[PDB]
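> Using the deposited numbering, the first residue of the sequence shown is number 21, and each one after it goes up by one. From the three backbone atoms N, C-alpha and C, an ideal C-beta is built for every residue, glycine too. What follows is a single structure, and I will ask about it in a moment.
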Amino acid sequence: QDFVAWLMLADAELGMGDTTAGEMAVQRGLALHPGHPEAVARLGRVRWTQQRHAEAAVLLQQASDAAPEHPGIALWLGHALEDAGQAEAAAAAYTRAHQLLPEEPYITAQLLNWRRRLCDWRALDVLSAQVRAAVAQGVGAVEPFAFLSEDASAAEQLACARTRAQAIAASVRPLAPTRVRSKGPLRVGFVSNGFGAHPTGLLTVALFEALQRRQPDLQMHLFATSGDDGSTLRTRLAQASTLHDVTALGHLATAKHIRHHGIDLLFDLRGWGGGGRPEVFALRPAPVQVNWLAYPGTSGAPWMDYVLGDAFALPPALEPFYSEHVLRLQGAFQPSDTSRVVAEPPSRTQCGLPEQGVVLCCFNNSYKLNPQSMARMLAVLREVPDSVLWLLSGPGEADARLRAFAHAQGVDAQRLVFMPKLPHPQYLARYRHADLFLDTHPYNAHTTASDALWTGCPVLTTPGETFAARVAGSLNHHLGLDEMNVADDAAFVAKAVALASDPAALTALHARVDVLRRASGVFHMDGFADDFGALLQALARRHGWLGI
Ligand SMILES: CC(=O)N[C@H]1[C@@H](O)[C@H](O)[C@@H](CO)O[C@@H]1SP(=O)(O)OP(=O)(O)OC[C@H]1O[C@@H](n2ccc(=O)[nH]c2=O)[C@H](O)[C@@H]1O
């Protein structure tokens, strides 16, 4: 009935879902102390869960100014500003929070991830080390998907995944166990928040179309954790399966809904990313659970039975670093939308390129563009006189930093061209102007590598020692382009330099990409469906399914 109780009751009704049970309380905190950093910040915090981000930043910014020593606040300010699309000021707040809590791993991880996204490489080495050590000591505050950006072995990655999983598993009682059906068509489920204009939808669409057509004994179920975005993918995907909208259903309710349909094999296409909902899988709604295609590494999770990769991106040499039993498709692990008619792009000038000159490009998100990957790309521009680096536009002053670094490396900043965000059909068209795609290490082009190749642009890569660092390589290998996989950085530059400065050889290579594009099984979704569908049937029998 008075007073820190007030703000208290707000702190866990709110992050327990029920927010106006919550609201009613802060507003009464304000009742006792009118505008008080600890209270203010909290109004602020409702707004945020209430999706009213814009209001939040202003409130939080007032509190912060009155309490520039308060790190709880600094963190909430950052969250807000971030979700109010103020990238650079969001990192500012995260920085101050870190100043104020050096040992707090959660905060260190946050700031490392946010800095990579802005290519702010200040003290990166230290930050990276810290974050890895936090994984190492099993206090992994570290979010596994962000963790993919660090130069960590498959061992550390497994450590980081199993840490998080085990925390989730402890906080949760599974559903009563069940078993794969003996008789009758196989119910195969896929959960994701990518069923629309997102990588996941974009890679699986033509696959599921093919499955509907070719594997009529497999009953496909898609469990959409995101609403309809009005894209052709969402429609196409809803056309090729039974698509359940489970958006804004609780973890529990979703599992219960998955169970209600008797799914036999449930694929997680989420994965440890945003919009995840791992706690959904922890409830074991299905008797056999599989990790595939969405998160490029191990789940760590004991609720995860299998992982699906391929002989290249998940070689036997890597098997021990996955908690799942490993399964493999007959070619690349990644499917793609081979219905895509690549449009003609607007001319070079309209795309902001010069007319003459070799155009190298890399369209990965900013967090993949790390010191090592950039240096090596710029290393190519130096030796090739004419040439040009085409990149995606990133948030905040990321582009500015890259320019400054380019100059810091001894390259005219005018030589990097920044494509803004374009809807898929128009973006994809931009590849016809690119001469060579320059991959990133340790976090490869995934979907984009596939995009690039589909339009006929070759991808140069350095297959590393983890799954995420071998995705570009798996495509090149399964395409038959083994000379696009090079041993190391020096070989990369050497190879790309040789290519760029020899237009003759370069054109031969585009030509060769084309043949393989249509010849190999990598881009032959019918074949992919057959393989996939057959692997599913076997897996089920190995669990008790008696077909028919
Ligand atoms: C950054 C982040 O936390 N999440 C996401 C992602 O979840 C999100 O849905 C996506 C926006 O749809 O941005 C990030 S891509 P990720 O790193 O996760 O994987 P990627 O293979 O990099 O995916 C490249 C995607 O962008 C497409 N893309 C890109 C640029 C453009 O201008 N147009 C476009 O369609 C490209 O065709 C492909 O569809």
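Are residue 91 and residue 121 touching if we call contact CB-CB under 8 Å?
Yes. Within cutoff.
> Looking at residue 471 and ligand 1, is the gap between the Cβ and the nearest heavy atom below 7 Å?
Correct: residue 471 has its Cβ closer than 7 Å to ligand 1.
> Which word fits residue 137, buried or exposed, when buried means at least 16 other C-beta atoms lie within 10 angstroms of its C-beta?
buried
> So residue 467 and residue 263 are in contact, right, with Cβ under 8 Å, and what is the actual spacing, rounded?
Between residue 263 and residue 467 the Cβ distance is about 21 Å, and since that is not below 8 Å, they are no contact.
> Can you tell me which of the three DSSP states residue 368 falls into?
coil
> What did DSSP end up calling residue 115 once you bin it into helix, strand or coil?
helix
> Are the beta-carbon atoms belonging to residue 479 and residue 469 less than 8 Å from one another?
Taking 8 Å as the cut-off, the beta carbon of residue 479 is found closer than this to the beta carbon of residue 469.
> When the Cα atoms are used, what is the spatial distance from residue 128 to residue 364?
44 Å
> Measuring CB to CB, does residue 379 end up less than 8 Å from residue 454?
yes
> Whole angstroms is fine: what's the gap from residue 266's alpha carbon to residue 36's?
If you draw a straight line from the Cα of residue 266 to the Cα of residue 36, it comes to about 19 Å.
> Which residues share a DSSP beta bridge with residue 496?
According to DSSP, residue 496 shares a beta bridge with no other residue.
> If you measure from the CB of residue 335, is any heavy atom of ligand 1 nearer than 7 Å?
no
> Hey, residue 313 and residue 341 are a contact pair by Cβ (cut 8 Å); roughly how many whole angstroms apart?
Incorrect: roughly 18 Å between the Cβ atoms, too far for contact.
> Roughly how many angstroms separate the alpha carbons of residue 581 and residue 390, rounded to a whole number?
With the chain covering 21 to 568 only, the question about residue 581 has no answer from this structure.
> Would a C-beta distance cut-off of 8 Å place residue 253 and residue 217 closer than the cut-off?
yes
> Just grab the DSSP bridge partners of residue 309 for me.
Within the DSSP secondary-structure output, residue 309 pairs in a beta bridge with 286.
> In chain order, what residues of the same chain lie with their CB nearer than 6 Å to the CB of residue 198, ignoring the 5 residues before and after it?
307
> Suppose the cutoff is 6 Å on Cβ atoms and the five residues either side in sequence are ignored; what does the same chain contact list for residue 185 look like?
320 and 321
> Could you check the C-alpha separation between residue 485 and residue 431 for me, to the nearest Å?
31 Å
> CA-CA distance, residue 190 and residue 182?
So the two alpha carbons sit approximately 12 Å from each other.
> Anyone know if the C-beta pair for residue 504 and residue 458 falls short of 8 Å?
Contact flag unset, no.
> Can the beta-carbon of residue 463 be found less than 8 Å from the beta-carbon of residue 169?
Yes; because the gap between Cβ atoms is below 8 Å, this pair is in contact.
> In three-state DSSP terms, what is residue 410?
strand
> Within the same chain, show all residues whose beta-carbon is closer than 6 Å to that of residue 171, passing over the 5 residues directly before and after it, in chain order.
462
> Which word fits residue 330, buried or exposed, when buried means at least 16 other C-beta atoms lie within 10 angstroms of its C-beta?
buried
> Does the segment 549-564 come close enough to the segment 343-360 to have 3 or more Cβ pairs within less than 8 Å?
yes
> Which residues in the same chain have their Cβ closer than 7 Å to the Cβ of residue 87, if we skip the five residues on either side of it in sequence?
Taken in chain order, the residues that qualify are 57 and 93.
> CB of residue 294 to nearest heavy atom of ligand 1: below 7 Å?
yes
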